[PDB]
């Protein structure tokens, strides 16, 4: 149920291979719509600011989460507590308004059943789910100026999301790792979902790309195998585009 999708500027797919229509947890790729919310509302200033400190009681699953994070470091080490700091500040009403206006996947931010912690846990392998097709559509709106955000919100989001170049092409992307909410795809499987979503630009020309890796955990991180495979197969799509 893995997938490699390549879409144009508008977000229209032209090459989709595998399970490109099934909805999956967005995991840390939801940091893309969050970077826009954060810059549009004013929570996030730029790439360096705000530098929020780690507090006792914040999730410390990865050692790189244990220090002061900036929006640049947030994107890099997928610091979940920095995303919760942003959402708690926005409020559940604004969060939902943004997720609705962004038309983000299933738009379900109710979270886990019972405990109504949707505000800080919706993207964390629960209520929210996006299909690789929908992700490309979303990415296509932010790259086309279709989302209700400013140029500088798009530029700050781009900067913190920037990846190594390919010739004259500017790569912007984000990795994500999540598990399907119990059985919301094809029964209990305990399979990792790797995500490598983003776009590539070279003046006028732009190209969206979405890739998923479905695997049993072991030796390689699902999302790092996704990032690798995109960088392998990208130059041909760029060449095809020119």
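Residue numbers count along the first chain shown, from 1.
**Student:** Tell me which of 130-138 and 112-120 has the higher mean C-alpha B-factor in the deposited entry.
**Tutor:** Comparing averages over the C-alpha atoms only gives 112-120.
**Student:** Please compare 35-43 with 187-195 and say which has the higher mean C-alpha temperature factor in the record.
**Tutor:** Higher mean C-alpha B-factor in the PDB entry: 187-195.
**Student:** Could you tell me which one of 200, 213, 182, 27 shows the highest CA temperature factor in the PDB record?
**Tutor:** The C-alpha B-factor peaks, among 200, 213, 182, 27, at 182.
**Student:** Which third of the chain does residue 208 land in by C-alpha B-factor: lowest, middle or highest?
**Tutor:** Lowest third of the chain for residue 208's C-alpha B-factor.
**Student:** Lowest, middle or highest third: which one holds residue 67 when the chain's residues are ordered by CA B-factor from the entry?
**Tutor:** Ranked within chain, residue 67 CA B lands in the highest tercile.
**Student:** Could you place residue 163 in the lowest, middle or highest third of its chain by Cα temperature factor, using the values in the record?
**Tutor:** It belongs to the lowest third of the chain when residues are ordered by C-alpha B-factor.
**Student:** Please place residue 3 in the lowest, middle or highest third of its chain by C-alpha B factor as given in the entry.
**Tutor:** Tercile = highest for this residue's CA B-factor.
**Student:** Would you check the entry's CA temperature factor for residue 125 and let me know if it's in the chain's lowest, middle or highest third?
**Tutor:** For residue 125, the deposited C-alpha B-factor lands in the highest third.
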